[PDB]
Every structure is written in structure tokens, then in C-alpha cells.
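Undergrad: Quick one, final_28.txt (compact mmCIF, C-alpha atoms and all ligand atoms):
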# COMPACT_ATOMS: atom_id res chain seq x y z
CA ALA A 320 7.81 110.99 -173.80
CA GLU A 321 8.08 110.21 -170.09
CA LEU A 322 9.26 106.78 -168.96
CA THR A 323 8.65 107.29 -165.24
CA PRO A 324 11.42 105.74 -163.12
CA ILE A 325 9.89 104.04 -160.08
CA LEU A 326 13.02 102.18 -158.97
CA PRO A 327 16.45 102.67 -160.63
CA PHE A 328 15.75 99.55 -162.73
CA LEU A 329 11.93 99.67 -163.01
CA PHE A 330 10.05 102.11 -165.25
CA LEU A 331 6.37 102.75 -165.97
CA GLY A 332 4.81 104.23 -169.08
CA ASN A 333 1.91 104.25 -171.50
CA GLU A 334 1.72 103.13 -175.12
CA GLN A 335 3.48 106.20 -176.52
CA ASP A 336 6.29 106.03 -173.95
CA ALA A 337 7.12 102.45 -174.94
CA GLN A 338 7.78 103.62 -178.56
CA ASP A 339 10.81 105.87 -177.67
CA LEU A 340 13.73 103.49 -178.43
CA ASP A 341 16.42 106.17 -177.86
CA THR A 342 15.20 106.82 -174.26
CA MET A 343 14.98 103.06 -173.65
CA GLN A 344 18.67 102.56 -174.52
CA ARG A 345 19.78 105.71 -172.69
CA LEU A 346 18.25 104.20 -169.54
CA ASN A 347 19.82 100.76 -170.17
CA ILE A 348 16.41 99.08 -170.42
CA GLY A 349 16.67 95.55 -171.78
CA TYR A 350 13.35 94.12 -170.60
CA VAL A 351 9.78 95.08 -171.52
CA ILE A 352 6.42 93.95 -170.13
CA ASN A 353 3.48 94.75 -172.43
CA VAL A 354 0.29 94.52 -170.38
CA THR A 355 -2.18 94.56 -173.27
CA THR A 356 -3.74 92.04 -175.62
CA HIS A 357 -3.66 94.22 -178.74
CA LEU A 358 -0.62 96.47 -178.76
CA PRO A 359 2.48 95.29 -180.64
CA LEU A 360 5.70 94.40 -178.86
CA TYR A 361 7.35 97.62 -179.98
CA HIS A 362 10.86 97.12 -181.39
CA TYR A 363 10.51 93.32 -181.42
CA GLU A 364 12.25 92.55 -184.72
CA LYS A 365 15.18 94.82 -183.74
CA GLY A 366 16.49 92.10 -181.41
CA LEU A 367 17.38 94.47 -178.59
CA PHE A 368 15.01 93.62 -175.73
CA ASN A 369 13.52 90.67 -173.87
CA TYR A 370 9.73 90.73 -173.96
CA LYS A 371 6.83 89.41 -171.92
CA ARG A 372 3.14 89.97 -172.67
CA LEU A 373 0.50 89.88 -169.93
CA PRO A 374 -2.57 89.74 -172.23
CA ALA A 375 -4.91 91.83 -170.08
CA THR A 376 -7.75 94.25 -170.73
CA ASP A 377 -8.52 97.33 -168.63
CA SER A 378 -11.87 95.99 -167.45
CA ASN A 379 -13.73 95.21 -164.23
CA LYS A 380 -13.41 91.44 -164.78
CA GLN A 381 -9.72 91.17 -165.73
CA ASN A 382 -7.69 89.04 -163.31
CA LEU A 383 -4.21 90.51 -162.94
CA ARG A 384 -3.20 88.71 -159.72
CA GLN A 385 -2.58 85.62 -161.86
CA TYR A 386 0.29 87.49 -163.56
CA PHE A 387 2.02 88.90 -160.46
CA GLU A 388 4.51 86.09 -159.85
CA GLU A 389 5.45 85.77 -163.53
CA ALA A 390 5.98 89.54 -163.67
CA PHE A 391 8.08 89.67 -160.50
CA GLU A 392 10.40 86.99 -161.93
CA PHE A 393 10.93 89.01 -165.12
CA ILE A 394 11.74 92.11 -163.05
CA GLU A 395 14.27 90.25 -160.90
CA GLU A 396 15.81 88.71 -164.03
CA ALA A 397 16.49 92.24 -165.28
CA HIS A 398 17.65 93.39 -161.84
CA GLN A 399 20.04 90.46 -161.31
CA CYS A 400 21.80 91.16 -164.64
CA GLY A 401 21.99 94.93 -164.19
CA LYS A 402 19.38 95.90 -166.78
CA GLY A 403 16.29 98.07 -166.58
CA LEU A 404 12.75 96.88 -167.22
CA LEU A 405 9.90 98.89 -168.72
CA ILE A 406 6.30 97.93 -167.91
CA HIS A 407 3.61 99.69 -169.94
CA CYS A 408 0.00 99.48 -171.06
CA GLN A 409 -1.95 102.51 -172.31
CA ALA A 410 -2.99 106.01 -171.22
CA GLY A 411 -4.05 105.94 -167.59
CA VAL A 412 -1.53 103.16 -166.85
CA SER A 413 -4.17 101.31 -164.87
CA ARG A 414 -2.90 97.83 -165.72
CA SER A 415 0.84 98.52 -165.55
CA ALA A 416 0.56 100.62 -162.39
CA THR A 417 -1.19 97.70 -160.68
CA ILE A 418 1.74 95.38 -161.39
CA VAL A 419 4.34 97.97 -160.40
CA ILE A 420 2.54 98.59 -157.10
CA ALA A 421 2.26 94.86 -156.47
CA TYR A 422 6.01 94.46 -156.94
CA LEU A 423 6.77 97.31 -154.52
CA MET A 424 4.45 95.73 -151.96
CA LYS A 425 6.32 92.40 -152.07
CA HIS A 426 10.00 93.40 -152.34
CA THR A 427 9.89 96.88 -150.81
CA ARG A 428 7.63 95.73 -147.93
CA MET A 429 5.27 98.66 -148.42
CA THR A 430 1.54 98.56 -147.79
CA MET A 431 -0.91 98.78 -150.69
CA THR A 432 -1.64 102.46 -150.06
CA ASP A 433 2.00 103.35 -149.37
CA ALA A 434 3.02 101.81 -152.70
CA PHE A 435 0.17 103.62 -154.46
CA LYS A 436 1.19 106.93 -152.89
CA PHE A 437 4.80 106.31 -153.90
CA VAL A 438 3.88 105.66 -157.52
CA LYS A 439 1.41 108.54 -157.75
CA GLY A 440 4.11 110.96 -156.60
CA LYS A 441 6.27 109.99 -159.59
CA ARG A 442 3.50 109.51 -162.19
CA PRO A 443 0.66 111.82 -161.07
CA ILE A 444 -1.85 110.65 -163.70
CA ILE A 445 -3.09 107.17 -162.75
CA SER A 446 -6.56 106.19 -163.98
CA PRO A 447 -8.51 104.23 -161.34
CA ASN A 448 -10.25 100.88 -161.62
CA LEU A 449 -11.74 99.35 -158.48
CA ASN A 450 -11.40 95.77 -159.73
CA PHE A 451 -7.59 95.91 -159.67
CA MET A 452 -7.61 97.72 -156.31
CA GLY A 453 -9.52 94.81 -154.78
CA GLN A 454 -6.99 92.34 -156.16
CA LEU A 455 -4.18 94.32 -154.52
CA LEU A 456 -6.08 94.21 -151.22
CA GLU A 457 -6.36 90.43 -151.42
CA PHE A 458 -2.66 90.41 -152.35
CA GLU A 459 -1.76 92.38 -149.22
CA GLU A 460 -3.29 89.67 -147.03
CA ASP A 461 -1.57 86.80 -148.87
CA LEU A 462 1.67 88.69 -148.17
CA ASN A 463 1.01 89.46 -144.49
CA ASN A 464 0.40 85.72 -143.99
CA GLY A 465 3.57 84.47 -145.67
CA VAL A 466 7.31 84.91 -146.06
CA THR A 467 9.00 88.04 -147.43
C1 LIG B 501 -4.06 100.67 -154.96
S1 LIG B 501 -4.99 102.18 -155.27
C2 LIG B 501 -5.62 103.12 -153.95
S2 LIG B 501 -5.36 102.67 -152.38
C3 LIG B 501 -6.19 103.93 -151.68
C4 LIG B 501 -6.70 104.76 -152.63
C5 LIG B 501 -6.38 104.29 -153.97
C6 LIG B 501 -6.79 105.00 -155.09
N1 LIG B 501 -6.27 104.72 -156.29
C7 LIG B 501 -6.68 105.43 -157.34
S3 LIG B 501 -5.93 104.98 -158.88
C8 LIG B 501 -4.92 103.48 -158.95
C9 LIG B 501 -5.74 102.23 -159.14
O1 LIG B 501 -6.91 102.21 -158.85
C10 LIG B 501 -5.07 100.98 -159.73
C11 LIG B 501 -5.55 100.81 -161.17
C12 LIG B 501 -3.55 101.07 -159.72
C13 LIG B 501 -5.49 99.75 -158.93
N2 LIG B 501 -7.59 106.41 -157.28
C14 LIG B 501 -8.12 106.69 -156.09
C15 LIG B 501 -7.74 106.02 -154.95
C16 LIG B 501 -8.33 106.34 -153.61
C17 LIG B 501 -7.48 106.01 -152.42
Translate this structure into C-alpha cells?
TA:
Amino acid sequence: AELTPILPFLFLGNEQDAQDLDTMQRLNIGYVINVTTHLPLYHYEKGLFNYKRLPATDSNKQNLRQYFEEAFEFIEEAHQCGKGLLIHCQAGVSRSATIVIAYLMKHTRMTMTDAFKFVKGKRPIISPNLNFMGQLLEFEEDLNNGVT
């Protein structure tokens, strides 16, 4: 049950990783982003975590760029209060890895490929999907022609 730490307060996992409550609390995670339409918000009724759903499919037509800003705000909310945030989807982590990489590109000032190489080093099994990759490329330009 690996919850891959990407930053000290930002973790990435699949559907089975998000179900390990005892590891969540050990790592002081109080925020969860569920990047699926169909999975439950694990541990919702327990009243322990703040939740956000990005209702996205792992398809070639899914727009994830629309969710970047909303997701970055939830990450910084956890960061500013000293709590960890878990972002997960399913096996292959295609959706959640895209959002994690996008965050690193904006607030770590890495390039698209540098962020991808950084994440792959920590979670070696990332399933590819060219549609999300193209959205990250467009995202890189919007960054390079803006502030921070
Ligand atoms: C931003 S990805 C990137 S940049 C340069 C390369 C790649 C890459 N990525 C992947 S898997 C990750 C993905 O496709 C996501 C679902 C997170 C968008 N497989 C192969 C390659 C080839 C080289």
C-alpha cells in the first residue's frame, strides 16, 4: 500500500492506496482529491478529511486543464495549514499524475518533462495517455507567458 510522497505534503496513489486510513493518519494527511467519477470518497462518513472530487475519466477526450487551478488551491490550503494532501485515481495513476505534475510545473518552476521525470523516479509505474500530455504542453506555454 504505497502512498508515494512527491513533496513532503503532497502524495500520489491509486484506488487501493487511498483505502489505507492508518497510513493516511501516520502521514498527517487531511486532504484528499479523488480524480474519478465513480470511486467513493473513501472514509467520507468518518469525518476525518477534507475532500474534493475532479469527476474525470481516463480517456482521450477528458479535459483536465479545467481542474488545475481548483486543485492547486486545495493543495495550498493543505500546505498553509500544515497538513498533507493525497491525490489519487486508479491503477496507472494517469489522471492524478497529470495534476501532480501540473502543480510541480507551476510552484516548483520545473518544465513539463522535468516534472514528469521527477514523479517517475518516485512512482515508476505511470500509465501514459497522450491527451493529458498535450494539455500539459499547452499549460507550459500559459505559464511561460505569465507570472509565477
Ligand atoms: C508529461 S509526460 C512525458 S513528457 C516526455 C515524455 C513523457 C512520457 N510520459 C509517459 S507517462 C505520463 C503521462 O503520459 C501523463 C498521463 C502523466 C500525461 N510515457 C512516456 C513518455 C515519453 C516521454
Undergrad: Please build the interface table for chain A against ligand LIG 501 (chain B) with a cut-off of 6 Å, listing for each qualifying residue the nearest atom pair and the distance in Å to one decimal; count only C-alpha atoms and all ligand atoms, order rows by chain and increasing number, and write it as a tab-separated table.
TA:
residue	atom	partner	partner_atom	distance
A:413	CA	B:LIG501	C11	4.0
A:416	CA	B:LIG501	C12	4.9
A:417	CA	B:LIG501	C12	4.2
A:431	CA	B:LIG501	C1	5.6
A:432	CA	B:LIG501	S2	4.4
A:435	CA	B:LIG501	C1	5.2
A:445	CA	B:LIG501	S3	5.3
A:446	CA	B:LIG501	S3	5.3
A:447	CA	B:LIG501	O1	3.6
A:448	CA	B:LIG501	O1	4.5
A:449	CA	B:LIG501	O1	5.6
A:451	CA	B:LIG501	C13	4.4
A:452	CA	B:LIG501	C13	3.9
Undergrad: Which one of A:351, A:343, A:383, A:358 sits closest to residue 397 in chain A if you count only C-alpha atoms?
TA: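 So, comparing all the options, the nearest one is A:351.
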Undergrad: Find, counting all atoms listed in the file, the residue in A:425, A:436, A:414, A:345 that gets nearest to residue 463 in chain A.
TA: A:425
Undergrad: For residue 379 in chain A, which residue out of A:440, A:327, A:332, A:453 is the nearest one, using all atoms listed in the file?
TA: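 Closest to residue 379 in chain A of all the choices is A:453.
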Undergrad: Determine the nearest neighbour of residue 454 in chain A from the options A:380, A:365, A:442, A:372, counting all atoms listed in the file.
TA: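 The shortest atom-to-atom distance to residue 454 in chain A comes from A:380.
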Undergrad: So that I can see what lies close to residue 342 in chain A, please list as a PyMOL selection string the residues with an atom at most 12 Å from it, counting all atoms listed in the file and leaving out residues fewer than 5 positions away in the same chain.
TA: chain A and resi 320-324+330+332+335-337+347-349+403+405
Undergrad: For residue 398 in chain A, which residue among A:370, A:443, A:350, A:456 is the nearest when counting all atoms listed in the file?
TA: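 Of A:370, A:443, A:350, A:456, the one nearest residue 398 in chain A, counting all atoms listed in the file, is A:350.
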Undergrad: Between A:334, A:459, A:364, A:377, which is the closest to residue 352 in chain A once you count all atoms listed in the file?
TA: A:334
Undergrad: Enter the distance from CA of residue 354 in chain A to CA of residue 415 in chain A, in Å, rounded to one decimal.
TA: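 Computing the Euclidean distance for CA of residue 354 in chain A and CA of residue 415 in chain A yields 6.3 Å.
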Undergrad: Between CA of residue 412 in chain A and CA of residue 400 in chain A, measure the distance and give it in Å to one decimal.
TA: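 According to the coordinates, CA of residue 412 in chain A and CA of residue 400 in chain A are separated by 26.3 Å.
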Undergrad: Could you work out how far CA of residue 328 in chain A lies from CA of residue 356 in chain A, giving the answer in Å with one decimal?
TA: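 One can read the CA of residue 356 in chain A to CA of residue 328 in chain A distance as 24.5 Å.
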